[PDB]
Every structure is written in C-alpha cells, then in structure tokens.
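According to the entry's author numbering, the sequence shown holds residues 1 to 124 in order.
Built from N, CA and C at the ideal position, the CB exists for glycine as well.
For reference, the structure discussed in these notes is given below.
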Amino acid sequence: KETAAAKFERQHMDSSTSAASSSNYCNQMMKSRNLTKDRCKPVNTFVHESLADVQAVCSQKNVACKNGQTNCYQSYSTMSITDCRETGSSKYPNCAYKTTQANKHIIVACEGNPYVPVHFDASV
C-alpha cells in the first residue's frame, strides 16, 4: 500500500511554503494530496517546517495521545501550521475547506525503527 510514515508525510507535510497565503490553500492542498478522493476528509493539518524538524518531535515531550496511548510527543516550540476544516456546506465530491494559519505546538504519535511520526494528534 503506503507505509505509515509515508502516509503521515503525504497528509501533513508542506515544507515548500512558510505559511498558507490565501483562503484557497486548503482546497488546493487537500486536493493535490489526494485527500478528497473517496470522500472529503473532514479535518487535516499541514506543517510548514522541515521533515527533520517534525521527526525530531519524537524525542521531545512525551504526553498521552487523545486515544489514551502514550506514544505521543509535544513539540517544545511552536511551528507554522495550517488547519483545513470542511465547511458546513461542503459535499462530496464538491469539497470546500476553511483555511486557518497559526503558530503552535504540534502533538504526534511515533513508532517503529526508526521512530518517526505516524499520526497527527493535535496542535495546541
């Protein structure tokens, strides 16, 4: 298929940009990352930092995941992110998203060898 680390990268990494510049950022990215393919994914966060900086979070502050697992880590510093959330009017296959650019800590679930991010838990 796709490995768990490769899938995290495709759904959440966007280092080519420093921040979302238009309210159209989410509609374009959700589409080009093939996240509106079978349905409209309701919520998705893009991180605008290098892959190495995001991978480094697996060695930062260990916190519990929203599901109760303890393989979640919170970044010591804030990072540039973009939250994409489907609007109330969105309907497959005409997906519409609201873009919210912000700077905040990210929380990720890590695993394997090497121990890398495999799930985006929350931003705070």
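Rounded straight-line distance, which links the Cα of residue j to that of residue i
{"i": "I107", "j": "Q60", "result": "10 Å"}
{"i": "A5", "j": "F120", "result": "11 Å"}
{"i": "residue 126", "j": "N34", "result": "This structure leaves residue 126 out entirely; the chain is present only between 1 and 124."}
{"i": "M13", "j": "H48", "result": "7 Å"}
{"i": "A20", "j": "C72", "result": "26 Å"}
{"i": "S90", "j": "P114", "result": "38 Å"}
Range of the contiguous beta strand (DSSP E) that encloses residue i
{"i": "residue 149", "result": "Because the chain spans 1 through 124 in this model, residue 149 falls outside it and cannot be assessed."}
{"i": "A102", "result": "97-104"}
According to DSSP, residues forming a beta bridge with residue i
{"i": "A109", "result": "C72, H119"}
Span of the alpha helix (DSSP H), counted from its first residue to its last, around residue i
{"i": "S32", "result": "25-32"}
{"i": "residue 125", "result": "Only positions 1 to 124 of the chain appear in the structure, and residue 125 is not among them; the question remains open."}
Heavy atom of the ligand HEM within 7 Å of residue i beta-carbon
{"i": "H119", "result": "Looking at this structure, you won't find the ligand HEM or any other ligand, since it has none at all."}
Taking only runs of the alpha helix (DSSP H) that begin and end inside the segment 35-69, which ones reach a length of at least 4 residues, in chain order?
-> 51-55
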